[PDB]
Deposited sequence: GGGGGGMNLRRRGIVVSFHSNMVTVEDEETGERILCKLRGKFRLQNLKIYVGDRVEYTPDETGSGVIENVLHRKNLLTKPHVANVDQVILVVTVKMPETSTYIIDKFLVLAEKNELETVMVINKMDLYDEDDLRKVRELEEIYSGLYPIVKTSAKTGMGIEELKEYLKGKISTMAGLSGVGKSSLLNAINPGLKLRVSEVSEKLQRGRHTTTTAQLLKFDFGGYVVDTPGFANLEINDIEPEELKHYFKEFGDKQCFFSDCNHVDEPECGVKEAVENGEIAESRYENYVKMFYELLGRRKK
């Protein structure tokens, strides 16, 4: 009879589902009119199927998704674990804000993780204090070391229950942190993502988030809504883009220091970058 499950991967041209109750990995086939209609199914999709245990099962229906990450297709993602690096990979605030813009656009909770702390000397630490100085009040920050183990237990606290996606520049330590959180687990024909179950309940995606940092589906005038800070600020004009406009609460805030310059700076850069399109 009808049982609820979460899709976790696509094996041998078939959907692999996991039983929401207390189930194992039941392989499946989608039947019905999903054919007639165009109701596509993805990893992370919640579904209800028929347990013909005498050989896997059959997917009867696919629930409605809260969202759908793209390239590595993933549905119903709650969190973005943004792993950042001050030294070694060197992460610019610009890249960081593009990541946040993306996480916000897909309406996801974001947890910023400054990794490789074990490698930082005094100058590096200063750069760290600058990251906290910028993002402290906009997002949760956790200082970690995949090697030392520093900050992992605290990070396990955010992964619990939720379906999470790792994001960050190559080399920043995404796969190493994963293994630090759950020995054995690791980041990545077979072009679809997979959901890895955490020891403590919850899942993390096979491959990394928006690795292609593609901000195009965003209209210029839309971008401003993806910078938390820009909101409680009042600007003269109706829907002021905060760039040239004559009077801007946002521009005012920057001259004050209520808004980090880097934030404004990167937002404007991104703004103009989106304008170049017809």
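- Unmodelled segments of the deposited chain, in sequence order: 1-8, 197-209, 300-301.
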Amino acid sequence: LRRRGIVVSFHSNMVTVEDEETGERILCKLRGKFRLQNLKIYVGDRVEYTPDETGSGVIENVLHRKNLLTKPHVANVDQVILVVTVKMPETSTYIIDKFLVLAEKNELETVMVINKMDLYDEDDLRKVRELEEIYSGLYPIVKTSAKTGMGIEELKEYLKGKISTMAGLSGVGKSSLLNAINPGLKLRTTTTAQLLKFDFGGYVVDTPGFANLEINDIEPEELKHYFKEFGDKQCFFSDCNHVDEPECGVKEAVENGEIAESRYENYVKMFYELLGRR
From here on, numbers count along this sequence of modelled residues.
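- Higher mean CA temperature factor between 247-255 and 30-38: 30-38, per the PDB entry.
- Relative to its counterpart among 87-95 and 168-176, 87-95 has the higher mean temperature factor, C-alpha atoms as listed in the PDB entry.
- Of the candidates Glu222, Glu214, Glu229, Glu53, the one whose C-alpha carries the top B factor in the deposited record is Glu53.
- Within the selection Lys233, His242, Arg46, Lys66, the deposited Cα B-factor values reach their highest point at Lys233.
- In this PDB entry, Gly161 carries a Cα temperature factor that places it within the highest third of its chain's modelled residues.
- Ranked within its chain, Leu1 lands in the highest third, by CA B factor from the PDB record.
- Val7 sits in the lowest third of its chain by CA B factor, as recorded in the PDB entry.
- The deposited CA B-factor of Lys147 belongs to the middle third of values across its chain.
- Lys71 sits in the highest third of its chain by CA B factor, as recorded in the PDB entry.
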